[PDB]
Structures are given as structure tokens and as C-alpha cells.
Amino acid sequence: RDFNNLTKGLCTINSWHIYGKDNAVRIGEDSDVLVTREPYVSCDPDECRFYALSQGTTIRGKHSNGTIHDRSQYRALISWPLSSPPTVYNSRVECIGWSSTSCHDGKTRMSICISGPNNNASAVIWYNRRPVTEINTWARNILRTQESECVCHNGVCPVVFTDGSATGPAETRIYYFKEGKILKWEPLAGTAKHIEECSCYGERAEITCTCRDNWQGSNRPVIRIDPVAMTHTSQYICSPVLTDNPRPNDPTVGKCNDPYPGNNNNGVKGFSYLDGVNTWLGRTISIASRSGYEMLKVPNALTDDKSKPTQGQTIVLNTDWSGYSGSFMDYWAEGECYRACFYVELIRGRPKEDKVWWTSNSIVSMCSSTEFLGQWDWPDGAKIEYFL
């Protein structure tokens, strides 16, 4: 009943414990599970849920054929109970579209879905489950947004959008919403050169977003937002531990204010927690594809262009498929600090597994522990052969 404020710092991250896993593809082999992609996790004050973009068909369904495609009239943002699979019968539609974000401000939830043809897309901003504001495409080239949760502070929920080229300069805007209405927007500033799919978290009245430079950068761009002043900066992770994909091999020195070169015109949504010595980066293990997943403790990664790992944890073996990853936290938990969490999208089917005609995913997520916990690996677990 009052707006949430980011009054706490991050808990110390000494390892990662298992939080949730839906085993959707394993289960959906023989039950009514929706084909998805672009998932995430987001908490309300009373409940945490799984989120994703449905493809408007079950996995066993004949309409799963062609679901490699990102943008259709049959997609929607759905949410469902934590660690359940997204089924026809338990999935709640938040809004219609093929690009989304969502966050609760402490009183109620804002959800945003973009739909339309590539040259004529529009965002609709829902708040308390009703449509409130609409935004038309400004650059007429796939208006698109975070594909993970936004973050609010005292009613103000910033959202990062991009419109324009995926392979050249584009038009990125930071919208500051309150109760679904636009308080303000700004064009992207700072030294980030291309921005897509920001993964965001909040601590001590600052919102940090780790994004995807699709055009040039194999290091990740970072936007930091003041939700009170409604201003931001941008730079890159300085660290030579490179965290996009595909990417070249790790160098010994990164770049703070420019894209690290070697791979153009591609990437993956990812995330980091940037908190001095309490800094952890996620990446795919493979430099070539969305294969494997690990967390690496890289003290001062944001600001230190020679920073290297001092600790890590494998999440998904490099013999298993991964995908998008992103940040969320339970802002309404007990205690004196915010516990960092993330999810990894485990993509199955096309293009890497082309014996099936579909593309889908399941979800695994972890949150930080102050203990030094033993590690397991967490694969999707499905046998593609069963779907043949």
C-alpha cells in the first residue's frame, strides 16, 4: 500500500543457491505446455512469478512449427506460478505483444508489451491490469524493450527502449513511468554506443542496468539510473572478462568507454551485479554460441580494465544449451539487504537442434547465498529424440 523504495544494499554474494526451475520442455513432452522464449522472473509483495513471451501454441501442437520466429500476432506476455511450467491452464496473460517488461511498484504492477509490424510497432503500458498509456514507434524499426523486469523507486519505474537498427546507431530512450503515465523520457547519453535488452536491479536508490550492444560490443554496456533525479549515465564494463555471445577470447585489458571489438551484429541478453568487490558477471561458457553458463566474481569489473575472476560457479555445463539471462530480486523479502537473483533461459530446438520444427525453452534461477555452497549444474533435461 506504499510505493517501495530501494533503501537496502546488495547482500554479500559468496555463492548461488537454486531458487526455481520449471523443467517445462521435459514436462511439455506430454502435457499442455505453451511454447515460449524471452523469459524472466519478477516479484510482487506477496508472490514471485515466472514470465515469458508465449508463441500462442503448445510444444506438442502442430502450430509449434515456425516458432523460431521472434515476432508474430500470436505472442503474449504471460506469467505463471514459480517453478511451474507455463501451461495453457495456469498461464495469466499480462498483455499482447512480442517484446515486454514488467515490475511491481509496491502498490501494483506495470506491464509493457510492444506489438506491430517492424515499421509500425507500438508499446502499451498497463498498470493495475488496465491499459493506461501508449507509445508509437519513433524510428520505425522494431520498437523493443528489456525482456526482463523493470525496477521501481517511490512510484517511479524507469524502462529502457530501443528503436532503429540492430547493426548500427539506433535510438534508445529511458522512459520514467509512474502509475503507467509518462513522467519524463530522455535519449540515451554517456559512452554506450548501442543498447538492447537491459537487465536491471535496484539498490540504495540507484538502478543499474546491464545491456546488450548488438552492433559492436562483446563487453556489455551499462546504464545507471537515478530514479529521483530521473537522470542516467552509460559506459561499458571495463573488465577483460567479456560477457556477451558470440565474442572473441578474453584479452588482458577491456574497454571502459567503447565496444570491445571482434564480433559484430549479434549478441545475447545477459546481466551482472556491479558492487565493488561484491561484483559477479554471468556469461555463456562458449564464445561461439548460447552454450553453457557460469557466474564469475570479478572485483571492480565495472571500473577496472584489467580485472580478472577471483571466484566462480558453473550453472550450466558447456555440453548443455543456455540462452538469455537477466536480473531480478525480491524487494519485499525480510532482512537488511537485497539478495541478488538471476534466471537463465535454457533454449531447446531451433536453430541448434533442428530435428524438431520448434524453438522453446525452460527456466532455471538462482539467488545469492552468504555461504560458500557446493555447485551443481542445471540443464534443461529434455531428450529431443522423444519429440521426433
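Note that residue numbering follows the sequence shown and begins at 1.
_Please compare 253-261 with 129-137 and say which has the higher mean C-alpha temperature factor in the record._
Stretch with the higher mean C-alpha B-factor: 253-261.
*For the stretches 306-314 and 95-103, which has the higher mean C-alpha B-factor as given in the deposited record?*
In the deposited entry, the stretch with the higher C-alpha B-factor mean is 306-314.
*Highest Cα B-factor in the deposition, which of 281, 143, 113, 182?*
Top of the list by C-alpha B-factor: 182.
*Among 157, 170, 223, 123, which carries the highest Cα B-factor?*
Of 157, 170, 223, 123, 170 has the highest C-alpha B-factor.
*Within this chain's modelled residues, let me know which third the CA B factor of residue 89 belongs to: lowest, middle or highest.*
Highest third.
*So where's residue 229 on the chain's Cα temperature factor ranking, which third?*
It belongs to the highest third of the chain when residues are ordered by C-alpha B-factor.
_Test of reading the entry: by CA B factor among the chain's modelled residues, which third contains residue 372?_
Residue 372: CA B-factor falls in the highest third of its chain.
*Can you work out whether the C-alpha temperature factor of residue 189 puts it in the lowest, middle or highest third of the chain?*
Tercile = highest for this residue's CA B-factor.
*Place residue 324 in the lowest, middle or highest third of its chain's C-alpha B-factors, as listed in the PDB entry.*
Tercile = lowest for this residue's CA B-factor.
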